[PDB]
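Undergrad: All I have is the shape, not the residue letters:
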């Protein structure tokens, strides 16, 4: 019951922070075909845009 | 006469659990923020204008005293 507020506070410090976005945006971009061939799974695929979840 | 007791949710279940993001707006408008900045700039400029003119007059007075003493 009390955990969504913790996630919200975590997002208040990072999600729209311009320093966080400069550090994380367009860093370590992996294409979907490369992810599948390299054998990535989970959030790696889903960040590349692959609609897969066991 | 003992019944099975176990860890179970209450009758009717538990209340709803919030999980959605709740980032509010909580801010003024860009126009209003810029207006406040310009207003404080103008007030500061006016105050500095008057004070620096007064300081120039004071410097002229001090220089005149020095000129009077110079001979």
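TA: Thanks, I have it. Residues are numbered from 1 along each chain as shown, chains lettered A, B, ... in the order given.
Undergrad: Can you name the residues that contact whatever residue of chain A ends up closest to chain B?
TA: Using C-beta to the nearest C-beta, the closest approach of chain A to chain B is made by residue A:4 at 4.6 Å. Backbone N, C-alpha and C define where each C-beta goes, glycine included. Shown in contact with residue A:4 (C-beta atoms under 8 Å, 6 or more residues apart in numbering or on different chains): B:17-20, B:22.
Undergrad: Could you rerun that using 7 Å?
TA: B:18-19 (C-beta atoms under 7 Å, 6 or more residues apart in numbering or on different chains).
Undergrad: Please state the offset of the helix or strand harbouring residue B:50 from the chain centre?
TA: When elements are assigned from DSSP states H and E, residue B:50 belongs to helix B:30-69. Centre-to-centre, helix B:30-69 and its host chain are 24 Å apart (C-alpha atoms, centre = their mean, to the nearest Å).
Undergrad: hang on, the earlier thing: can you classify the residue of chain A closest to chain B by secondary structure?
TA: Secondary structure, DSSP: H, G, I helix; E, B strand; the rest coil: residue A:4 is helix.
Undergrad: can you give me phi and psi for residue B:18?
TA: Torsion angles at residue B:18 (phi, psi; degrees, to the nearest 10) stand at phi -70, psi 130.
Undergrad: SS state for residue A:27?
TA: Secondary structure assignment for residue A:27 (three-state DSSP): coil.
Undergrad: Now for it, how many residues are close by?
TA: 7 (other C-beta atoms under 10 Å in any protein chain shown).
Undergrad: interface residues of chain B facing chain A?
TA: B:17-19, B:21-23 (C-beta under 7 Å from any C-beta of the partner chain).
Undergrad: Tell me which residue of chain B lies closest to chain A.
TA: residue B:18 (4.6 Å).
Undergrad: What residue, apart from its backbone neighbours, is nearest that residue spatially?
TA: Counting by C-beta to C-beta, 6 or more residues apart in numbering or on different chains, residue A:4 is the residue found nearest to residue B:18 once chain neighbours are left out, at 4.6 Å.
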